[PDB]
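Asker: these are from a larger complex, still in place; more later:
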Amino acid sequence: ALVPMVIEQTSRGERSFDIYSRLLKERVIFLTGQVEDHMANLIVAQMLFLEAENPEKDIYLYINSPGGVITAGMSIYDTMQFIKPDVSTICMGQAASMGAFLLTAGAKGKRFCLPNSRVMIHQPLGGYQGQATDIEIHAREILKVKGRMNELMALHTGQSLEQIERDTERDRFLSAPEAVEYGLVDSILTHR
Amino acid sequence: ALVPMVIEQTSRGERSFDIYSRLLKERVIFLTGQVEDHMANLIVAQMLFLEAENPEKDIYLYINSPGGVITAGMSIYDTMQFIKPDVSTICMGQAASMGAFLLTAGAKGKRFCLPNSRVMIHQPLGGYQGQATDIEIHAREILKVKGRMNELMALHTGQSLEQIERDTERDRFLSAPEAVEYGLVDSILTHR
Amino acid sequence: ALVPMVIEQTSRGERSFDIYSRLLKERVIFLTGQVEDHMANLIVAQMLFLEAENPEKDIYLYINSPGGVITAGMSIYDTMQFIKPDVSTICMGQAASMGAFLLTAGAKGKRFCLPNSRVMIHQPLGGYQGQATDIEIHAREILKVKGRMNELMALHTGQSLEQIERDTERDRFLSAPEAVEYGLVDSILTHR
Amino acid sequence: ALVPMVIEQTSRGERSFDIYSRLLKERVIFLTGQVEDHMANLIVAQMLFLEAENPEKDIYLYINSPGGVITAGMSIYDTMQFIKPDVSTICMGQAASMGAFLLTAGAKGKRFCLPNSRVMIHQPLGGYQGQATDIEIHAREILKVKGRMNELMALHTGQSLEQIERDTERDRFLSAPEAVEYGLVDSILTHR
Amino acid sequence: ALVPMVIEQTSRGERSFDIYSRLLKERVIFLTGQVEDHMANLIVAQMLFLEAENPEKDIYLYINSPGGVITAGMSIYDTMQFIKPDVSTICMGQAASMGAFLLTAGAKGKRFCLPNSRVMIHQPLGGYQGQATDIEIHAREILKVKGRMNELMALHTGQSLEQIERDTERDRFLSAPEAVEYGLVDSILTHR
């Protein structure tokens, strides 16, 4: 039982469903651990799946992630901005680096985090080996990406671009109330 | 046969259920091994499921674990506080470090441990490598976390904050009767 | 078939069960190999399940194991004492260290072992690295455990406490007839 | 539950399908990660399968890939040209090296990419060890391959061959708007 | 979900098969990866199975492989010649070494390759360690095999034996149009 089964009744149901599939039916998607390509590829498939089932209802994305690969993370970002229904992101545990990036990309007014969570942000990392000419090419590309990520932060958070530029120079840690004040999330959930 | 099957009866059932799913059905959740992201993620999904099935009944959490990652452990903590029904925690085997923390987070009056169990508590661990500037940033964050964990211990146990700080400087071991006196649990189960 | 199942007719059918599930149904639990957290966790789930099915019948526990982790082993011990029906333990192959401890913990008058088995006992092992101050803390905790285990041996076997302490200084091996004489078991099964 | 299940109503409405199979049913194929032989063989099997299902409908291919083995990739390249229905390729995340090559090979007018994606192109890599005579043979073959791919890029993009020749000398990175202007894709998808 | 499921209708329509089983049903077999003993034992079983299903219809074999063990390749080689229905071999990606050997062995008039594929041929490899006497035995056996492989190539391609002998001295690469002119394949498939 790495993943338990649950039972529900419907018409003639019966029907048992891996607990994660049971939650997919409620339009809940979890994003956890490192952001990479196979994982990201799967999340995008889930979002398209929910979009087709009912274009008029919200999708809930639970985020608990230390960070990951930018390209993979951008695949998720662009789908969220394409599909018709809102995606409401909820941060639990942590949202660091690319994880924080996706957290703020949720529908405005619907970005929420739990009270003991942590959010951390910082400029992108990378590297390269080779001839001086190739080093130049690769250095230019990473700088362009840094610039693009900053524009998107400013767009989604409401901060000026320069303020974003200064704040990501070195790892910046924010507590849940700080994320609200800064503009990464709209509110903190407390008790039902 | 790592996990055996059990058969139950209902109306038409029959119904065979992995022994752990059989217990999820009774509103029992087990927490064992290191606390990490993937496992914690599953515990949270199980609690949300049970909350929806019947918001008016208690959930029982069995704890037996050596410790783990704080971030992952906090997601469990916040869900326990957020959801409506009481969560009653029971400690068997051991509850160390983060495990001990979650043990005391259960509903007041419902924290119970078996007589030959052990509870151990201590301040959080961490580390870092980098420029002196980065070291300072990371050092501050761990100290903030330490402070936060102490506040929550004092809140849930009834000890003053100063007493909690003194008692966690170094590993402290408590026998089941000691946990009761100290205020980590309310009582010891003996025989049915 | 890495494992054997079995077909059985009760009424409607039949019915197909992995051979281990087939025996759980008859109130038989097997404990083999090292005692650790995940395996101990599963045995407890099985005992609680059987206790609920029919509180008035004995549960049979087959033991064949070299030893293991004390913490995990104690969670088994406490459940056996808590639940209402008697637990009758049977030793085959070997019952060493923590395995021997659980063997003698069964219901009085119902502890039985096969004639070519071996049961060995000894004081607990452990260790630690760190500052002299931490060493003192950890050393005292292991000593408390040793004292506690000796009290339980004396309680269950009928030996005086001093006699138990002397006999566990170094590995002590007992043949099935000696286990009976010493008081670890009540009798030896021979032929049906 | 690495991959969740979904359920769809039909006539009976009983069938559940791995989410990736649910998408294959809708004529959606994903290409992710490195291009190699086992992966490619599976993609080709999927295309032959869809061609047989309905020769008159488009197949959508979603690409998110860092590159890979040319020989393996060319089996996809040719299948796409050989099967009757159009293949519309969509780039998300990245399309690099061989990934970019396959991206431009989609049906003309139907090559599209999401706005924050990246496309990167470059001459083929290879190597060898052996006698001077074997080195010559292997060197000639890699140069022929480079030339052939150069011709296919010019064919699919509309660029002159000489321009293609210069542009692949060293890694060339293109943003989504540049891919459109250059001629690798026809358009950028934005919102539903 | 490494291999997707496909659903087909019949009478009742309860048919769910992994995509490869679905294509076996259409008389399509794929050969990929290295040629070895376990893999080239499954291909033989599949061809025998199809032969019985309908002795009067063609079997399609898709070849995409770098080479492999001669023995394994020969059990496939002989089965293809033994069984009654024609086997049409199609080369995609590459057919090198033993892969090329099997490609040309298909039914005359039905050997075809996709236009951007590659075929490569060369004398067999091997080696030995031991006493000078054993070395002689093993050297003779590999030379007999080289001679036999050359006769079969000449038989199937129409080249004289001497020409075959001169062309396999060193790795010879052939483009799809070259393979056609040489006689390894009968033609190039273009579009369905």
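Answerer: Okay, I see it. Numbers count the residues shown, from 1 in each chain, chains lettered A, B, ... in the order given.

Asker: the helices in chain A, which residues?
Answerer: Residue ranges of the helices in chain A, as given by DSSP state H, are A:19-24, A:37-53, A:70-82, A:98-103, A:132-157, A:161-167, A:176-182.

Asker: Check the offset of the fourth one from the chain's centre.
Answerer: This points to helix A:98-103. With CA atoms, centre = their mean, to the nearest Å as the basis, helix A:98-103 stands 4 Å off its chain's centre.

Asker: returning to that earlier point: please identify the most buried of the helices of chain A.
Answerer: Per residue and on average, the most neighbours among the helices of chain A fall to helix A:98-103, with a mean of 26 (mean count of other CB atoms under 10 Å in any protein chain shown). C-beta coordinates here come from the backbone N, C-alpha and C atoms, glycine included.

Asker: near chain D, which residues of chain A show up?
Answerer: Contacts of chain A with chain D, taken as CB under 8 Å from any CB of the partner chain, map to A:3, A:15, A:17-21, A:24-25, A:37-38, A:40-42, A:44-46, A:48-49, A:71-72, A:74-75, A:77-79, A:81-84, A:133-134, A:137-138, A:141, A:144, A:148.

Asker: Just want the residue of chain A that's nearest chain B.
Answerer: Evaluated by CB to the nearest CB, chain A has residue A:1 as its residue closest to chain B, separated by 3.7 Å.

Asker: Surely residue A:72 and residue A:36 touch.
Answerer: Yes. The pair residue A:72 and residue A:36 passes the contact test of CB atoms under 8 Å, sitting 5.4 Å apart.

Asker: and residue A:139, what is it in contact with?
Answerer: Applying CB atoms under 8 Å, 6 or more residues apart in numbering or on different chains, one finds that residue A:139 lies in contact with residue A:128.

Asker: how near is it to chain C?
Answerer: When CB to the nearest CB, to the nearest Å is applied, the distance between residue A:139 and chain C equals 45 Å.

Asker: Also put chain F in, sequence below:
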Amino acid sequence: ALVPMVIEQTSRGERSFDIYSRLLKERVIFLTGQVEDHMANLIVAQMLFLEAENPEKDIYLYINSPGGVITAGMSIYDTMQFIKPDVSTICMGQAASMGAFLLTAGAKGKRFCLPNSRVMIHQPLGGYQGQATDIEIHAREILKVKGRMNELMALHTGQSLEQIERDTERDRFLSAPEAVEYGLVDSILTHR
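Answerer: Take a look at chain F, now in place beside the chains above:
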């Protein structure tokens, strides 16, 4: 989909069998790869199963293997001789060492090999480390085995014992036509 499924119609029409089980049903058993204890154990179970199914019909054993453990292989040999129906062995690919031994052990008149196969035979290998007294014991046992294996070769092939001994001194390779003349097989299969 390592092993494909096949469907067979009967009365009601619901039969789905792994292709290897589909062939066991036709009384075909495949022996491939190294001969060892677990695999040999499965071959024996299949033969006993078929013997009982229908004592009056032949069993076909396909052989493609490099050799293996003598002890394990001899359990196949004895079962083939014990059971009632004839076992017809067919060699494809290769039958070396113990593989060749089992090949010739099939029913007389029914040993057949494909035309491009190879058969190789040699004296048994082994070794030991220990005291001079133990070395002698182990050396004697391997020599007795060599003796017994030669008697059985002579019995089944018709060669004199002295001829068998001379020919197994060093690896001897036989082409399919030589195996026929030598007496290892009765004939060569050619075409349907």
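
Asker: Could I get the contacting residues of the nearest residue to residue A:183 once chain neighbours are set aside?
Answerer: With CB to CB, 6 or more residues apart in numbering or on different chains as the measure, residue A:157 is the residue that lies nearest to residue A:183, at 3.9 Å, once sequence neighbours are left out. By CB under 8 Å, 6+ apart, the contact list for residue A:157 reads A:104, A:164, A:182, A:183, A:184.

Asker: can I get these in TSV with distance to residue E:32?
Answerer: Listed next are those as TSV, based on distance: CB to CB, whole Å:
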residue	distance to residue E:32
A:104	45
A:164	49
A:182	53
A:183	52
A:184	48
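
Asker: Out of those residues, which comes closest to residue C:153?
Answerer: Of all the contacts of residue A:157, the one sitting nearest residue C:153 is residue A:184; the distance, using CB to CB, is 58.8 Å.

Asker: From residue A:122, how far off is the residue nearest the centre of chain A?
Answerer: Centrality entry for chain A: nearest residue to the mean C-alpha point is residue A:102, 2.8 Å, by CA atoms, centre = their mean. The gap separating residue A:102 from residue A:122 is 15 Å, by CB to CB, to the nearest Å.

Asker: is chain B contacted by the lengthiest strand in chain A?
Answerer: In chain A, assigned by DSSP state E, the strand with the most residues is strand A:87-96. Yes. Strand A:87-96 lies within reach of chain B by CB under 8 Å from any CB, at A:92, A:93, A:94.

Asker: May I ask which of the residues you listed has the most neighbours?
Answerer: Tallying neighbours with other CB atoms under 10 Å in any protein chain shown puts residue A:93 at the head of those, with 30 neighbours.

Asker: Disregarding flanking residues, what is the spatial nearest neighbour of that one?
Answerer: Among residues not flanking residue A:93 along the chain, residue A:64 sits closest, at 3.5 Å (CB to CB, 6+ apart).

Asker: next up, chain G:
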Amino acid sequence: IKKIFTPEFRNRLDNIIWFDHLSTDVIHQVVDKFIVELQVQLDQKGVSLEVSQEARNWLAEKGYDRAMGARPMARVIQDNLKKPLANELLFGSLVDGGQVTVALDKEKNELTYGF
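Answerer: One more chain to add, chain G, which I have set with the ones above:
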């Protein structure tokens, strides 16, 4: 409805009127008509009842249940007002008629009037 009433019946109706759930504004209006009915019954006994606005808002909240329509409002009024009136009408101060009013406490209690 579509699964119970076959097309032959449904196609001959002028319409099908779907009724909705009651909102909280409606509940306030519902409380007022029920209080009036209570007063009519009390007029027959010579008793004048004056319920405050706060008391009304309080009852409206206590009885709201979207899934049960207005029927709970009747229960709430009966339980909070009819009950103590019945004791006074039968055994006490309202035997010969009288004045009744209801005030709402800061403690969310019904501060019923003397008589």
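
Asker: what do you get for the contacts of residue A:139 once chain G is counted?
Answerer: Contact partners of residue A:139, counting by CB under 8 Å, 6+ apart, are residue A:128.

Asker: Count the neighbours of residue A:96 for me.
Answerer: So residue A:96, with other CB under 10 Å, has 21 neighbours.

Asker: you'd agree it is up against residue A:68?
Answerer: No. Here residue A:96 lies out of contact with residue A:68, judged by CB under 8 Å, at a distance of 9.4 Å.

Asker: So what does residue A:109 have for phi and psi?
Answerer: Backbone geometry at residue A:109, expressed as degrees, to the nearest 10, gives phi 100, psi -10.

Asker: OK, contacts around it?
Answerer: The contact partners of residue A:109, taken as CB under 8 Å, 6+ apart, are residue A:186.

Asker: where's it relative to chain D, distance?
Answerer: Where chain D is concerned, residue A:109 sits at a distance of 19 Å (CB to the nearest CB).

Asker: Please tell me how far that residue sits from chain C.
Answerer: The spacing between residue A:109 and chain C, counted by CB to the nearest CB, is 43 Å.

Asker: go on, residue G:92?
Answerer: In this structure, residue G:92 lies at 56 Å from chain C, with CB to the nearest CB as the measure.

Asker: same question, residue G:56
Answerer: With distances taken as CB to the nearest CB, residue G:56 is found 52 Å from chain C.

Asker: Can you dump the C-alpha atoms of the longest strand seen in chain G in CSV for me?
Answerer: Here the longest strand in chain G is taken by residue count, with DSSP E as the criterion, and it is strand G:98-104. As requested, the backbone C-alpha atoms of strand G:98-104 are provided in CSV (Å, rounded to 0.1, in the frame of the first residue of the first chain):
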residue,chain,number,x,y,z
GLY,G,98,-51.7,40.7,28.5
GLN,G,99,-48.7,42.2,26.9
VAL,G,100,-45.7,40.3,25.5
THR,G,101,-42.6,41.7,24.0
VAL,G,102,-39.3,40.1,23.0
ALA,G,103,-35.8,41.8,23.2
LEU,G,104,-32.5,40.3,22.1
